[PDB]
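> This block holds the first chain(s) of the complex, placed as they are in the complex; more will follow:
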Amino acid sequence: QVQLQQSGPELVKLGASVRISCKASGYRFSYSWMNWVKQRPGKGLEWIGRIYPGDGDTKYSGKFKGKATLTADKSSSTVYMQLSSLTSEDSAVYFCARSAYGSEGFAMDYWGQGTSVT
Amino acid sequence: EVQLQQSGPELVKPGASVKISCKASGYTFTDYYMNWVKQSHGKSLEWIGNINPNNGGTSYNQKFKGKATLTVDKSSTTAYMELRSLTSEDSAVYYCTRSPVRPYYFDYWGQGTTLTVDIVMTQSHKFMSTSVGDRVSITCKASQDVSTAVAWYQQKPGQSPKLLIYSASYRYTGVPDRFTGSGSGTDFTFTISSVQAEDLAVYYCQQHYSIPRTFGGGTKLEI
Amino acid sequence: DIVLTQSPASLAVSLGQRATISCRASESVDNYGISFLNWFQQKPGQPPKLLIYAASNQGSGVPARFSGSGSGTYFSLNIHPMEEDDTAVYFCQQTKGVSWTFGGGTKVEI
């Protein structure tokens, strides 16, 4: 069975940095896009970034380019989202998602448990 | 999980047609090639043909143009192989197999049923032997240049073959750490680290570089 | 960037009545014949479960009550008569690059 397992939560100091993990298993992770999304308490969703393990290309929007860096390692079956210059506005839970294949519209199929960055 | 179950044996008069069936399970029927293999009694193994269930296409060795025809029925996950002009030379055991694309290799093997009535490979002597636990080696030579497209099999007495080494240097899933390999171009070597009594079986040296699939002469290690 | 919007912000779906949730956009998302708009499902403390592939095809582990259709700049999440167990906020994604954006979200409950 497919599953996405993140790391545990972590408290943040103003101006600190965190390192969320997300291990893929049970599918060809090296041929899909690994997503990252915010879930702020009281608002909707806000997309952060995206990466293709195997190539390393990344695409950002929503002003996250000046706050986030994302990498991946095909040999370990993991994708690591790094974040710096955190503040109170970044207080939210972050999810990891597997992008479906493009013939079906890249609907994010399965999800991780989410980790709190506050 | 995957299985390939044939029908039983049968005797047919010389010159008449004979048929064998094979049911598949544990995997999607359309996501692999249904290949067939020939085993003349007391001889090496030889490829028969190939089937594409997605469109009914077939591809087979040039010697089976006026001897056999291939087909399947995907609605029941069943495969058939029709033979014609049967003769005494065709007394052989035929195998039902699974084969994906690019290793042009036989993934798994059925139990095999008895029937009663190009680039080639070569090997060394079929009496190479040594005591149990010693480092063993087998030599296999190619008639033409094949880069790394070679595999190795294990056929115990009364059992079907099985894929052991993959791309001539890596051991397939389900294979102990004892077996290793190496080779490039025309010189291929099959080694055994700490050979055991259970490894006393017949081996084969396959050509994957191009269709038709061709094998070697076959050697056995005893002891 | 493609901006997605939704309305009504909160649907008073009485038990046993039909519900429809729209997803308006600036584009023009129809590319290569595949509708690059999807639907998810959130509950309190639960992951954003998938609902619909390409705004028309049901999802894995998704009940048959949920479906969608449309073309161009306006889709709608047509849903069979709901129960209280379907209390969840539904979000509209767009998977037409460069960027992938989300909608504001509508609260659909009893």
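Okay, I see it. Residues are numbered from 1 along each chain as shown, chains lettered A, B, ... in the order given.

> Could you use CA atoms for every contact and neighbour count after this?
Fine.

> Now do the contacts for residue C:108.
By C-alpha atoms under 8 Å, 6 or more residues apart in numbering or on different chains, the contact list for residue C:108 reads C:10-13, C:87-90.

> Which residue of chain B lies farthest from its centroid?
residue B:131 (27.9 Å; C-alpha atoms, centre = their mean).

> Pretty sure that residue sits in a helix.
No: using DSSP: H, G, I helix; E, B strand; the rest coil, the assignment for residue B:131 is coil, not a helix.

> Let me see the contact set for it.
Counting by C-alpha under 8 Å, 6+ apart, residue B:131 touches residue B:223.

> Could you check how far it is from chain A?
Going from residue B:131 to chain A by C-alpha to the nearest C-alpha, to the nearest Å gives 40 Å.

> if we can go back for a sec, in PyMOL, select just the buried ones from the contacts of residue C:108.
Remark: buried members of the contacts of residue C:108, expressed as a PyMOL selection using 16 or more other C-alpha atoms under 10 Å in any protein chain shown:
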select buried, chain C and resi 13+87+88+89+90
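
> per-domain residue ranges of chain B.
B:3-116, B:121-217 (automatic domain parsing).

> number of nearby residues for the nearest residue to residue A:100 once chain neighbours are set aside?
Leaving aside its sequence neighbours, residue A:100 sits nearest to residue A:106 (C-alpha to C-alpha, 6 or more residues apart in numbering or on different chains; 4.4 Å). Neighbourhood size, residue A:106 [other C-alpha atoms under 10 Å in any protein chain shown]: 22.

> which residues touch residue B:8?
So, once contact is read as C-alpha under 8 Å, 6+ apart, residue B:8 ends up touching B:113-114.

> That one falls within a helix, correct?
No: counting by three-state DSSP, residue B:8 falls outside a helix, being coil.

> how near is it to residue B:19?
To residue B:19, residue B:8 is 11 Å away according to C-alpha to C-alpha, to the nearest Å.

> do the same with residue B:211
Residue B:211 is 24 Å from residue B:19, by C-alpha to C-alpha.

> unless I'm mixing things up, the residue nearest to residue A:100 is touching residue C:95, no?
Yes: judged on C-alpha atoms under 8 Å, residue A:106 makes contact with residue C:95 at a distance of 6.2 Å.

> overlap in contacts of these two?
The contact lists of residue A:106 and residue C:95 share residue C:36, where a contact means C-alpha under 8 Å, 6+ apart.

> Ignoring the adjacent residues along the chain, who's closest to residue C:37?
residue C:94 (4.6 Å).

> go on, residue B:88?
residue B:117 (5.7 Å).

> residues in contact with the one you found?
B:11-14, B:86-88, B:90-91.

> for residue A:23, same thing?
A:4-6, A:77-79.

> give me phi/psi at it?
phi -90, psi 130 (degrees, to the nearest 10).

> here's chain D, drop it onto the model above:
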Amino acid sequence: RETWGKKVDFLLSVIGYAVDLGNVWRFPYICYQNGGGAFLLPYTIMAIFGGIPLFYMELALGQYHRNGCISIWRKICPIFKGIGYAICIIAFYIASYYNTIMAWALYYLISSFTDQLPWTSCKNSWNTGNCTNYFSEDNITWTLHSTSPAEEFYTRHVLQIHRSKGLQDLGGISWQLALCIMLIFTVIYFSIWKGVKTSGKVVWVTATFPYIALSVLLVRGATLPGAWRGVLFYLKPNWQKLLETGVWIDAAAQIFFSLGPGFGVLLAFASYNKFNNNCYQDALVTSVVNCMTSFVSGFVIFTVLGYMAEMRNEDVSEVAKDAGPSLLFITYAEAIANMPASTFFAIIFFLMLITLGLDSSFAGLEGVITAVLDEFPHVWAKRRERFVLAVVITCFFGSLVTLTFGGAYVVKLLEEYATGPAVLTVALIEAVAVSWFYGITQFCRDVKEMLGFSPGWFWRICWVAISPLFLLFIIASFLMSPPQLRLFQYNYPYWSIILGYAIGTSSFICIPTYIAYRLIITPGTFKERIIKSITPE
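Putting chain D onto the chains we already have gives this:
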């Protein structure tokens, strides 16, 4: 009557039409099937006996008369004036074929400017489910329903073929190809619109840059590993395969479409100069340079496949069995991004692949436009500039049949019959009418007065005995077996195969229609009405 300038421009004009993107498809695709070197030998035999004489007959014919494709037959034999119309109708089908293909290549040239060629990674626009083309350290298997990025790119990013299901259900138009197709007719317009006098300078660059680009591509693949396996796979002869009839028909077929007589384009070119004492020297170089160019053409492809086949851990055989174009647009595209020198050679090949088409597409319209204008001087005298616009717009709607109907379902169906027995039927009757009814002694007379020398008793033996036999052989080869073909696990139904046969059959209905027309309006009795139509001059 306007005449052409330097002799060489002529030679560049003809060879640019002689070599095209078709030679990059069929020639390398047919050789190894017929045994590689075992196919090059009959390719050379039939080229000497079958290729050159039908090639120089048409150039030598236009040399003397200078009348085009329609009006010339008023002088040769009046009963065969319908050939020029048959070339025009067939040209309308080939004009569509050719013009849409370059839009698929122009889609690559515009996209190839990006350093990250979207040919190796199924990024966020592909059917990534059946996408895997990174041949890692034995942690992969290739399933039957599996594909590569380049297979998907030519599948659902050029054709958008998933929009449509078959010939019975046709899709819409791609906006990208709609802009690419118009740019192609733009350059085709100005090249002929300015006049045949100016087209000699357009072929000055387009007929020479491919030969440079062949060298630019040849040095790369040759210096990499695996080239020895690629060249060996191609030139290693399979001698016993030569005993089959299919090899001889394919060898005779390749020389015909490689040289391309009977299409009226070669005839129109010789009609613009006397060519005193230099025509036999010009045509003979084209036939050998055309055959050597195709040899070098396929020699580059397999030289690049050899480097892959070393990387791919397999033989070049059983690789991209689908079709000629689908092989080149996909397979050779993969190699460009896999060569370390990418971002440059993606431009070089798909700038010559378009240039080979454009140069050959420029020449195509000149044959038709030369034909009609020679018949209607009230159009040529004042509307010669407007007449070209009527043909280009006419060819635009001809090419539109593919784009706004979903994908390549019209192209491959139109491929097998637009250039089928119709073009061979024309090429046959051009040989029969000029040789048997129109006395070959008179044609041999008309040529030797212009050249200061006669090639008679060698070519003539070939013209009256070898030429009708080995042109009727290609006709008799086609009636035996119906080519039930396929496209991407989709077999074509029966009614469409008959439709393609009907389109190809009706494409040359002009020559029975015209003969039937003249014999009804002609006065006299049954014998007299036939003599008046056959009477030369």
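
> Take the contacts of residue B:131 again, chain D included.
residue B:223.

> let's see it at 10 Å
Residues in contact with residue B:131 (C-alpha atoms under 10 Å, 6 or more residues apart in numbering or on different chains) are B:195-197, B:222-223.

> partner residues bridging the most centrally placed residue in chain C?
The residue lying closest to the centre of chain C (C-alpha atoms, centre = their mean) is residue C:39, at 3.6 Å. When bridges are called by DSSP bridges, residue C:39 pairs up with residue C:52, residue C:92.

> Any part of the lengthiest helix in chain D near chain B?
When chain D is parsed with DSSP state H, its longest helix is helix D:279-312. Yes: counting by C-alpha under 10 Å from any C-alpha of the partner chain, contacts between helix D:279-312 and chain B involve D:309-312.

> Alongside chain A, which residues does chain D contribute?
Residues of chain D lying near chain A (C-alpha under 10 Å from any C-alpha): D:120-134, D:140.

> and those near chain C, which?
Answer for those near chain C (C-alpha under 10 Å from any C-alpha): D:124-126.

> Narrow those to those in helices?
Per DSSP H, helices hold no members of those.

> With distance to residue B:63 added, can I get those residues in CSV?
Listed next are those as CSV, based on distance: C-alpha to C-alpha, whole Å:
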residue, distance to residue B:63
D:124, 47
D:125, 46
D:126, 42
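
> In chain C, which residue sits nearest chain B?
Nearest residue of chain C to chain B (C-alpha to the nearest C-alpha) works out as residue C:60 at 19.0 Å.

> same question, chain A
For chain A, C-alpha to the nearest C-alpha, closest residue to chain B: residue A:1, 15.5 Å.

> what's the helix or strand for residue A:3?
Using DSSP states H and E, residue A:3 falls within no helix or strand.

> Looks like it contacts residue A:24 (just checking).
Yes: at 6.7 Å, residue A:3 counts as touching residue A:24 under the criterion of C-alpha atoms under 10 Å.

> Quick one: neighbours of residue 25, just the number.
Went with chain A since none was named. Counted by other C-alpha under 10 Å, the residues lying close to residue A:25 total 14.

> that's the wrong chain, I wanted chain C
If you count neighbours by other C-alpha under 10 Å, residue C:25 ends up with 19.

> Centroid-nearest residue for chain D?
residue D:22 (4.8 Å).

> where's that residue relative to chain A, distance?
32 Å.

> residues touching the residue of the stretch 351-500 of chain D found nearest chain B, list them.
At 6.8 Å from chain B, residue D:489 is the closest residue in the stretch 351-500 of chain D, using C-alpha to the nearest C-alpha. Counting by C-alpha under 10 Å, 6+ apart, residue D:489 touches B:54-55, D:145, D:322.

> got it, and residue D:459?
D:49, D:52-54, D:56-57, D:444, D:465-467.

> for residue D:225, same thing?
Here residue D:225 is in contact with D:303-304, D:306-311 (C-alpha under 10 Å, 6+ apart).
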